[PDB]
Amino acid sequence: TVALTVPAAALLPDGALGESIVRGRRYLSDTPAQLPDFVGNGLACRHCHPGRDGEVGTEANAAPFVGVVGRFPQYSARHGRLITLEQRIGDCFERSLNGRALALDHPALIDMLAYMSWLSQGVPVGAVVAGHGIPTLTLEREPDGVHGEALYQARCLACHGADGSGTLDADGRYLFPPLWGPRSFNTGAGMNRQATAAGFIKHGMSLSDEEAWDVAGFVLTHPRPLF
């Protein structure tokens, strides 16, 4: 693998590419407000792809976008064939954002691509960046949702709410995003899978493995939009 590096925003180029990169960051950080026709819930991309200093997708083990562009096109079992990064992003809109995919030449999609390409600067095409994806966490026993409920009340509820509905900020964006219910990710999302949610809870955002497994189980007992 190669190291995860974040380029300097002060070294962003003047001109069309630089402006596109800045717009892409905003689309990724503020998606429901910037792309209402395509987003069907309360989530922005940064809610599962966080980053420090205003950037999105820069955190190891929380599915960073650093180096993503050089890994596409790639096989998708879901599609049964190779897909492009544009198509992957469309799947995220449809599932994680309970919405509608952008056209593959939509200027907002191209701005998102430009941003991801900027984050990927210097990464060799084909190389895997250390900390890519969300590592799954799988235990050799059933997730105990009863224990999970107790853990949730003690460790998560203060942010994500008794009803999993999250906490809005003053500008109507989610400070702490919804974990279930109508404004959360739909059943088609990767985060709706036990081992992915457990891995995200464990590494993506301390908890023991057993605690992460059980609380993920509790979270996933709840209703959310059907895909």
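The first residue of the shown sequence is 1; numbering continues from there.
J.: Can you count the deposited residues that have no coordinates between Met205 and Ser206 and report it as none, 1 to 3, 4 to 9, or 10 or more?
T.: Per the deposited record, the segment joining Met205 and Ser206 lacks coordinates for 4 to 9 residues.
J.: Report the stretch with the higher mean CA temperature factor, choosing between 108-116 and 143-151 on the basis of the entry.
T.: Stretch with the higher mean C-alpha B-factor: 143-151.
J.: Highest mean C-alpha temperature factor of the two stretches 37-45 and 61-69, which is it?
T.: It is 37-45.
J.: Can you tell me which of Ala16, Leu11, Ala212, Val219 has the highest Cα temperature factor in the record?
T.: The C-alpha B-factor peaks, among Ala16, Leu11, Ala212, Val219, at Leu11.
J.: Of the choices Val128, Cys92, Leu85, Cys156, which one's C-alpha carries the largest B-factor in the record?
T.: Going by the entry's C-alpha B-factors, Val128 comes out highest.
J.: By the recorded C-alpha temperature factor, relative to the other modelled residues in its chain, which third is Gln121 in?
T.: Middle third, going by the recorded CA B-factors of the chain.
J.: State the tercile, meaning the lowest, middle or highest third, of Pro182 with respect to the CA B-factors recorded for its chain.
T.: Highest third of the chain for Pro182's C-alpha B-factor.
J.: Would the CA B-factor of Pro135 place it in the lowest, middle or highest third of its chain?
T.: As the PDB entry reports it, the C-alpha B-factor of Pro135 lands in the highest third of its chain.
J.: Considering only modelled residues of the same chain, in which third does the CA B-factor of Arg52 rank: lowest, middle or highest?
T.: Highest third, going by the recorded CA B-factors of the chain.
J.: Sorting by Cα B-factor within the chain, modelled residues only, which third would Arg173 end up in: lowest, middle or highest?
T.: It falls in the top third of the chain.
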